[PDB]
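Down below is the structure, laid out as structure tokens.
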Amino acid sequence: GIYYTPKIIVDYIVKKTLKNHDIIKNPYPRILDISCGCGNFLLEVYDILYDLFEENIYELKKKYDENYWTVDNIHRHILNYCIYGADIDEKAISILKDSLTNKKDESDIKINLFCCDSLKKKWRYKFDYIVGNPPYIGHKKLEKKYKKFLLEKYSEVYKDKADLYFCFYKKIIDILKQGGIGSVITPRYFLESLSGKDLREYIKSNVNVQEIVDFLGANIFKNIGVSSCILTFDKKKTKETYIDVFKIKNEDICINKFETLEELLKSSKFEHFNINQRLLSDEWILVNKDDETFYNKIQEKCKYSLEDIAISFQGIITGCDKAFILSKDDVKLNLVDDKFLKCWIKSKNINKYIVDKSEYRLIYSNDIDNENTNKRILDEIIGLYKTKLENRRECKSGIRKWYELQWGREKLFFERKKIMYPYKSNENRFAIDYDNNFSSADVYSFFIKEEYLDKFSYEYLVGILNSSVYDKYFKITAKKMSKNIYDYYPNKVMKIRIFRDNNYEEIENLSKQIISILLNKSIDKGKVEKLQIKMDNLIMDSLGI
DNA sequence: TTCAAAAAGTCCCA
DNA sequence: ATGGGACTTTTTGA
Ligand SMILES: OC[C@H]1O[C@@H](n2cnc3c(NCc4ccc(O)cc4)ncnc32)[C@H](O)[C@@H]1O
Ligand SMILES: [K+]
Ligand SMILES: [K+]
């Protein structure tokens, strides 16, 4: 439950908040970490503070009580008035307390360390500087009893599938003094995610965001599947409202390339651009001027969105795939009448323009009337996981029988011509499904509304949607998950805007040529790339880019 | 009644 | 052993 932040990032975060502190004007700064752990940040705060006091000790001695301000008194002063920490783990607090003590009995100095829940603590005062790495706990791994507390007391930032670190953002902001500075490393997903919409609104309207360091899919925490960003914000009265954005360019770099993180930020490994905080909508579109011009051209030119013209839906959720999904060559499928069997595909089966032939079959068990008529299917296939099936939420409440699919959706939505795409991918992969394929929630589908069929065809749509233009266009606002992975979920895919002009016929014809080649047995892959290049030129011409 | 979001992902191998 | 790559379930709030 304890995570170690890399030292190069700890040093950067502490420097970001304290490098320009006027210790002569205010020799009593309050620096807080509300998930301090063993003290990765606080122990570094001590070192920075000690040099700060020692470098100006005679100036403080002259300006203030000359007996109080001596070098031998710096250690006691820092612990009494400057360093504050909180963590739920008692053992970590005890270790940090020893570490701070060992920086030097005489007078039994008191240390401001609290073993508590930082989201419930009654904070008796606000703080000049707040740093640290909060806990990240999503909606599956958080206790329901605790989530009831969060939904009640942190509703301004925490609803639905929000994360625990949203609340730490709110708590840090609320107890930051006027003119104070906060700097934290959290997951990056709130920058684009639907869940973070309220959190983004809370940050934008309560603090000035100085800087966002976006590591994208780079691996900052070794052996941890998370993508990181560093946010620095303040409560200073400033007319200027511009954010420094540092966005990494190569996700494969090692974080220890230089001795300092700021060396990496200034280098060619990162790009820098500024964003006007006043121009942030509910979405934070953090791109350079070239991409903003590119994005705005497409938005203005396109009069339709996919949501306008299409019906979206998520795939089947069985609740226990091993009980219902079988290999098409499994001998146990001889027990299942073919009326119960559906073709089943995974996200990896989706390519551009077409789906691979399915290798798995879904038992649509919802169509099994009762347990007596098809006892063989229940006893020998589905019942092998009856205990796990009975633990599903809708089975415990009696809504579903133990052998039914948890979310079987509507069969008629899948058994039709439609477009399918993987839920997480490195690139746009929109395919026309001709084979009534079913899938789990790792594949999303949509079909065109009847009233828009004479304006848009499936062949045209997969043409533009798979183009290099729309690959770049979608990724401008897409949710970056891990290295070379973006979420392709309807909450953003359905916002993709599309156009219709004089190039419609040739774009559609090129797409049909690609599909015809891809479906050939002696498939000529090379010519497909040439046709794609020609289609990209038409699309770039159509959108004036 | 029933939708869709959510990576401190998960798992394997060189 | 670790770091990097291939691939992606079902729990959950609304
Ligand atoms: O690296 C993360 C670090 O933060 C610490 N930490 C995790 N959760 C909390 C916390 N409130 C949230 C909460 C949630 C559920 C609870 O049953 C109880 C409390 N309040 C303070 N510190 C917390 C950890 O111990 C790690 O040292
Ligand atoms: K004096
Ligand atoms: K990562």
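A, B, ... follow the sequence lines: proteins, then strands. Residue 1 opens every chain. All values below come from the heavy atoms of this structure, side chains included, with hydrogens, waters and symmetry mates left out.
Stacking of A/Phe221 onto the six-membered ring of B/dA8 is not present when judged by under 5.5 angstrom between centres and under 30° between planes.
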Counting only pairs under 3.5 Å, give me each side-chain donor-acceptor contact of residues 440-450 of chain A, with atom names and distances, residues two or more places apart or in other chains.
from, atom 1, to, atom 2, distance (Å)
A/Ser440, OG, A/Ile316, O, 3.3
A/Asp442, OD2, A/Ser347, N, 2.9
A/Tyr444, OH, A/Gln314, NE2, 2.9
A/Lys449, NZ, A/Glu307, O, 3.3
A/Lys449, NZ, A/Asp308, O, 2.9

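For the pair A/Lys492 and B/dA5, the criterion of a side-chain N or O lying under 4.0 Å from OP1 or OP2 is not met. OP1 and OP2 of C/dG3 both lie 4.0 Å or more from every side-chain N or O belonging to A/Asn219. Under 4.0 angstrom from either OP1 or OP2 of B/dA6 there lies at least one side-chain N or O belonging to A/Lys479. At least one side-chain nitrogen or oxygen of A/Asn491 sits closer than 4.0 Å to the OP1 or OP2 atom of B/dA5.
Atom CZ of A/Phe446 is separated from atom P of B/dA4 by 14 Å (rounded to the nearest Å). Summarising the geometry, the separation between CD1 on A/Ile311 and P on B/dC3 is reported as 13 Å, rounded to the nearest angstrom. Atom OH of A/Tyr136 and atom P of B/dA7 are 12 Å apart (whole Å). One atom, OH of A/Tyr488, and another, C1' of B/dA5, lie 18 Å apart when rounded to the nearest Å. The CD1-P distance, from A/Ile137 to B/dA8, rounds to 10 Å in whole Å. The separation between A/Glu307 atom CD and B/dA4 atom P is 12 Å, rounded to whole Å. One interatomic measurement links the two molecules: CG of A/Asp487 to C1' of B/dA6, which rounds to 8 Å at whole-angstrom precision. Across the protein-nucleic acid pair, A/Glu251 atom CD and C/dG5 atom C1' stand 13 Å apart, rounded to whole Å.
Residues satisfying the side chain to side chain contact (heavy atoms under 4.5 Å, CB included) test with A/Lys170, not counting sequence neighbours, are A/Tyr154, A/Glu156, A/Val157, A/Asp174, A/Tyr202. Shown here are the side chain to side chain contact (heavy atoms under 4.5 Å, CB included) partners of A/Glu271, two or more places apart in sequence or in another chain: A/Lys247, A/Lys249, A/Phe273, A/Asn288. Considering only residues two or more places apart in sequence or on other chains, A/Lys492 meets the salt bridge (charged side-chain N to carboxylate O under 4.0 Å, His left out) condition with A/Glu283. When the side chain to side chain contact (heavy atoms under 4.5 Å, CB included) test is applied to A/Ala431, the partners found at least two apart in sequence or on another chain are A/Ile350, A/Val355. A/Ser425 pairs by the side chain to side chain contact (heavy atoms under 4.5 Å, CB included) definition with A/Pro422, A/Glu427, A/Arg429, A/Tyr488, not counting sequence neighbours.
Nucleotide B/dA6 shows a positive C1'-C2'-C3'-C4' value and thus a north, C3'-endo-like sugar.
Take the nearest nucleotide of DNA chain B for A/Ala162 and for A/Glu410: the residue whose nucleotide is more 5' is A/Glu410.
If you take atom P in B/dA7 and the same atom in B/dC3, they sit 22 Å apart, rounded to whole Å. C/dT12 and B/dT10: their P atoms are spaced 13 Å apart (whole Å). Nucleotides B/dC11 and C/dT11 have their P atoms positioned 15 Å apart, rounded to a whole Å.
Residue pairs meeting the salt bridge (charged side-chain N to carboxylate O under 4.0 Å, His left out) criterion with at least one member in residues 397-426 of chain A, sequence neighbours excluded, are A/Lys342-A/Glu415, A/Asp367-A/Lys411, A/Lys417-A/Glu459, A/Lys418-A/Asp433, A/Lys424-A/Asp487. Screening residues 386-397 of chain A for side chain to side chain donor-acceptor pair (under 3.5 Å), with sequence neighbours left out, gives A/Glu394-A/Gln406.
Between A/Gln299 atom CD and A/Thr477 atom OG1 the span is 7.5 Å, to the nearest 0.5 Å. Rounding to the nearest 0.5 angstrom, the gap separating the CG atom in A/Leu519 from the CD1 atom in A/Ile354 is 4.5 Å.
Scanning DNA chain B for stems, defined as runs of 3 or more consecutive Watson-Crick or G-U wobble pairs whose donor-acceptor distances all fall under 3.5 Å, gives the following ranges: B:2-6 with C:10-14, B:9-14 with C:2-7.
Near-neighbour residues of DNA chain B inside residues 186-198 of chain A, defined by a heavy atom below 4.0 Å, number-ordered: A/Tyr189, A/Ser193, A/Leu194, A/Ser195.
For the consecutive nucleotides C/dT8 and C/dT9, the six-membered rings of the bases fall outside the stacking limits of 5.5 Å between centres and 30° between planes. Both conditions of the stacking definition, centres under 5.5 Å apart and planes under 30° apart, are not jointly satisfied by the base rings of B/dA7 and B/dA8.
At least one donor-acceptor pair closer than 3.5 Å links the side chain of A/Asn466 to the backbone N or O of A/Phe430. Side chain of A/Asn428 to main chain of A/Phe474: no donor-acceptor pair is present (N/O by atom type, distance under 3.5 Å, no hydrogens or angles).
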Distances under 3.5 Å between nitrogen or oxygen atoms of protein and nucleotides 12-14 of chain B:
none

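Ring orientation note: the planes of A/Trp123 and A/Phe127 are nearly perpendicular, at an angle over 60° on the 30°/60° scale.
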Notebook entry, point to check: Taking protein heavy atoms under 4.0 Å as touching, what does nucleotides 8-14 of chain C look like 5' to 3' if B marks base contact, S marks sugar-phosphate-only contact and - marks none?
Noted result: BBBBBBS
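Backbone-only contact: A/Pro490 has heavy atoms under 4.0 Å from sugar-phosphate atoms and none from a base.
More than 12 heavy atoms of other residues, nucleotides or ligands lie within 6.0 Å of NZ in A/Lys332, so this atom counts as buried by the packing criterion.
With hydrogens and angles ignored, no donor-acceptor pair closer than 3.5 Å exists between the side chain of A/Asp163 and the base of B/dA8.
Just one of A/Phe168, A/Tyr158, A/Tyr169 meets the ring-ring contact (aromatic ring centres under 6.0 Å, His included) condition when paired with A/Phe190; it is A/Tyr169.
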